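Q: Below is the structure, and that's it, no one-letter string:
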Ligand SMILES: Nc1ncnc2c1ncn2[C@@H]1O[C@H](COP(=O)(O)OP(=O)(O)NP(=O)(O)O)[C@@H](O)[C@H]1O
Ligand SMILES: Nc1ncnc2c1ncn2[C@@H]1O[C@H](COP(=O)(O)OP(=O)(O)NP(=O)(O)O)[C@@H](O)[C@H]1O
Ligand SMILES: Nc1ncnc2c1ncn2[C@@H]1O[C@H](COP(=O)(O)OP(=O)(O)NP(=O)(O)O)[C@@H](O)[C@H]1O
């Protein structure tokens, strides 16, 4: 089993760094969800029942919110929970299906300052033996050592010799990881509201600038997540020089990086960490 | 006459900030109503005839809906009308009886985004000289300057230095007033369906969170209306820190605030506004 | 018109050396600003619309950032723009109101090494005929010869026979002007991040020392801006002897100097320069 599982609970969509031995695939899906099981002859989303929680998940959910073009997202989660649980669940289910396997080596990411809280969160609700019913189909599984990490951290693998900052332009969350050498400057790094959905890239860019005026314009700024490329472009227009987007090697658009990169770079570390 | 009349047309129940010189009393009653005058030897509800509209109003109405435990409420009124008219009428009648007075200084509240529409609505149907027959008893009256305001706004009087959000947990309506300094952020504030009756406080709380992910968890969130206290409690469980319920000074439970608070805080303003 | 306008676009706050014939007054205000016009029945900040840019400016803005106690400042601007434009605009408007006059003799200050860039910046966006709408009120105006100068340079008027260095302890910007005789040693002078807000005076002082170890301890060091006095005091504790704060004659605290001093000393020069 084991199975390194670096999973991103992204507020827009989730994803899974599916190492798959030879090549990392991505177990992704729309993280939009909706409560209540008992709809009727449905299909599309799937009924997820876990920890006394009852949600539909899957593409069709958008139809479930038709007209309510707002509730669709549960963003600015400076922390995991509550719907995040479901996101993780369904992911685990998804990749379970993909692998046909149980016990996961769970590695989660979140806004740096929330990591402690989130560890508490998911440990309580996922650490150890757990089981879920999806669409009437049960599923037992377990995690023994949930590893938490900083959201967007994975971009470091493309961040040439970064001793500075990663900018994570996600859904409605903006992460700033001021990495130095190869660690996280807690005392400087922070997460910013909102993100891509609620306002313009330029709005974010300017917001970022305000929040991190301590950044030298010639810092190596690496932009990841969502509109990473466009964000990078705008940041240049703001006036930052050495700014780059974390191109994810293969045809795996921007927003995929996060977890994929984290696996790609740290992998072995977590093979040791979890084990 | 004059008589400042801040009246709430609440979908569950209405109420009136009865300044009464020395102390604000509340002219409240169940806003459930039913059409058709000609029942027979009745009592309890009262026959209201106004603008060619024909409705019973009053506690006993519940009996009139016995078994139809749904039609009882006319909620999610993102706007005034139509039954709302009657609600207002009977209120005016009620407080008329209470004061023995006519010309009212009408101040109405409604979902912020509907205020313009509602102004049109009530101005057409109430601005100026009007008269109503209740239980066969006529009654002439008038309003000269219907003042419209945002539903739940009144909570601001308890909202210590609020530069953020009021959450109005009503019947089947949820208002979010993102106030800043002392005004309404039109471009951010909005009203949400449904409300207290149709689903759980937690459902609302989570709905709210989805709709306002742009709210920082440390925003001053002031909860008013219906299950204000319980809502506040749940919001804390959701993960909002500085959340408080708008305790209405005296023994005047939650749902009363709205209009009462509006009078309590703005009063003088409207003494100038209406006059 | 003419009107010598030495204006400081300070990241904490702006100011204007209002020569006013007989005595230089200071047209100052908080340089904190926020985008989006359409709030509603507001007052306090004013809606500034210029060059397709849309910002509120004025004291109340702090309330607009309530809780976001960071975004408030857009500092470490090793260059003008973008919000700086607005700062300048509103200043011009402000002093316009103060004088009731248009065509300005614009003199701007900025981090020495950025002066060329900034000239490009403001020339493009302000040189010649321009017009702004503030709170719905239009205003046409013009500048014919924007004069750029080094931020903090004005302190020279108090800097007795300075053949050495001015230290500008501003918001989140630290300027070091190594003046010699009466000019700027480009090859030595430079600007340092961050400034007053982001860390301690001692932190800055030590930072300064590191950046300018080539300064002899007995150099005439003149400290200006923000915590000029405290900075001077700390620098003495660091071990610099002849250090002095640029006391601005009248009751015009530290941070005012910059532009005021620049006018006070160079004035005539610019009367010739601009004309
Ligand atoms: N499944 C998907 N298909 C296509 N584009 C996607 C998909 N998921 C995310 N995106 C892009 O990514 C943008 C938002 O990035 P997002 O997925 O939020 O990043 P994230 O870091 O995974 N989430 P978060 O950081 O929590 O906001 C979306 O607006 C899309 O343009
Ligand atoms: N007359 C009343 N007596 C007791 N409780 C009441 C009464 N009216 C309202 N409530 C409480 O208030 C809850 C609903 O709040 P509500 O009256 O809808 O708030 P509102 O803002 O006045 N109405 P609305 O905003 O239009 O939904 C009810 O479920 C009750 O618990
Ligand atoms: N309007 C004001 N009222 C009171 N104190 C002020 C005001 N403006 C600035 N200060 C003081 O000046 C400090 C910051 O100096 P600052 O205004 O940044 O200098 P500056 O040179 O004009 N700006 P900059 O160089 O761009 O940082 C503040 O922390 C205050 O203590």
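A: On my side now, so go ahead. Numbering: from 1, shown residues only, chains lettered A, B, ... in the order given. Ligands and ions are numbered 1, 2, ... in the order given.
Q: which residues does the closest residue to chain C within chain A contact?
A: Going by Cβ to the nearest Cβ, chain C is nearest to residue A:213 of chain A, at 3.8 Å. Quick note: C-beta positions are derived from backbone N, CA and C, even for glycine. The neighbourhood of residue A:213, defined by Cβ atoms under 8 Å, 6 or more residues apart in numbering or on different chains, consists of C:11, C:73-77, C:172, C:193-194, C:198.
Q: Try it again at 10 Å.
A: Residues near residue A:213 by Cβ atoms under 10 Å, 6 or more residues apart in numbering or on different chains: C:11, C:70, C:73-78, C:171-173, C:193-195, C:197-198.
Q: Likewise for residue A:88?
A: Neighbours of residue A:88 in contact, by Cβ under 10 Å, 6+ apart: A:5, A:7-9, A:14, A:31, A:50, A:80-81, A:104, A:106, A:108, A:122, A:125-126, A:143, A:146.
Q: among the residues you listed, which are within reach of chain B?
A: By Cβ under 10 Å from any Cβ of the partner chain, the members of the contacts of residue A:88 lying near chain B are A:80-81.
Q: Looking at the contacts of residue A:88, which are in strands?
A: If you go by DSSP state E, the contacts of residue A:88 have A:5, A:7-8, A:14, A:50, A:106, A:108, A:143 in strands.
Q: Around chain B, pick out the residues from the stretch 101-250 of chain A.
A: Selection of the stretch 101-250 of chain A residues close to chain B by Cβ under 10 Å from any Cβ yields A:117, A:121, A:171-173, A:193-195, A:197-199.
Q: Quick check: residue A:86 vs residue A:102, distance?
A: Here residue A:86 is placed at a distance of 19 Å from residue A:102 (Cβ to Cβ, to the nearest Å).
Q: no wait, residue A:118
A: From residue A:118 across to residue A:102, the span is 23 Å (Cβ to Cβ).
Q: which strand residues sit across from the nearest residue to residue A:133 once chain neighbours are set aside in the sheet?
A: Excluding the flanking residues, the one nearest residue A:133 by Cβ to Cβ, 6 or more residues apart in numbering or on different chains is residue A:49, at 4.4 Å. Residue A:49 forms beta bridges with residue A:54, residue A:133, as assigned by DSSP bridges.
Q: Hmm, residue A:49 is touching residue A:55, no?
A: Yes. Between residue A:49 and residue A:55 there is a contact under Cβ atoms under 10 Å: 8.3 Å.
Q: Give me the buried entries from the ones in strands among the contacts of residue A:88.
A: A:5, A:7-8, A:14, A:50, A:106, A:108, A:143 (16 or more other Cβ atoms under 10 Å in any protein chain shown).
Q: And the furthest pair within the residues you listed?
A: Greatest spacing in those, by Cβ to Cβ: A:8 and A:50 (18.7 Å).
Q: Which of the three states applies to the nearest residue to residue A:180 once chain neighbours are set aside?
A: In this structure, residue A:180 finds its nearest non-sequential neighbour in residue A:163, 5.2 Å apart by Cβ to Cβ, 6+ apart. Judged by DSSP: H, G, I helix; E, B strand; the rest coil, the three-state class of residue A:163 is coil.
Q: so which residue of the stretch 151-275 of chain A comes closest to ligand 2?
A: Closest contact between the stretch 151-275 of chain A and ligand 2, by Cβ to the nearest ligand atom, is at residue A:198 (26.1 Å).
Q: Could you report the neighbour count for that residue?
A: 19 (other Cβ atoms under 10 Å in any protein chain shown).
Q: by contact count, what packs against whichever strand in chain A runs longest?
A: In chain A, taking DSSP E as the definition, the longest strand is strand A:173-180. Judged by 3 or more Cβ pairs under 10 Å, 6 or more residues apart in numbering or on different chains; DSSP states H and E, strand A:173-180 is in contact with strand A:105-110, strand A:147-150, strand A:165-170, strand A:190-192, helix A:201-211, strand A:221-224.
Q: Redo these as TSV? Include distance to residue B:252.
A: Shown next, in TSV, are these (distance: least, Cβ to Cβ, whole Å):
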stretch	distance to residue B:252
strand A:105-110	43
strand A:147-150	47
strand A:165-170	45
strand A:190-192	41
helix A:201-211	42
strand A:221-224	53
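Q: can these go into JSON lines with extra columns for distance to ligand 2?
A: Converted to JSON lines, the helices and strands packed on strand A:173-180 look like this (distance: least, Cβ to the nearest ligand atom, whole Å):
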{"stretch": "strand A:105-110", "distance to ligand 2": "36"}
{"stretch": "strand A:147-150", "distance to ligand 2": "41"}
{"stretch": "strand A:165-170", "distance to ligand 2": "35"}
{"stretch": "strand A:190-192", "distance to ligand 2": "34"}
{"stretch": "helix A:201-211", "distance to ligand 2": "33"}
{"stretch": "strand A:221-224", "distance to ligand 2": "43"}
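Q: out of these, nearest to ligand 1?
A: Evaluated over those, closeness to ligand 1 peaks at strand A:165-170, with 2.3 Å, by Cβ to the nearest ligand atom.
Q: That closest one close to ligand 1?
A: Yes. Counting by Cβ under 6 Å from any ligand atom, contacts between strand A:165-170 and ligand 1 involve A:168, A:170.
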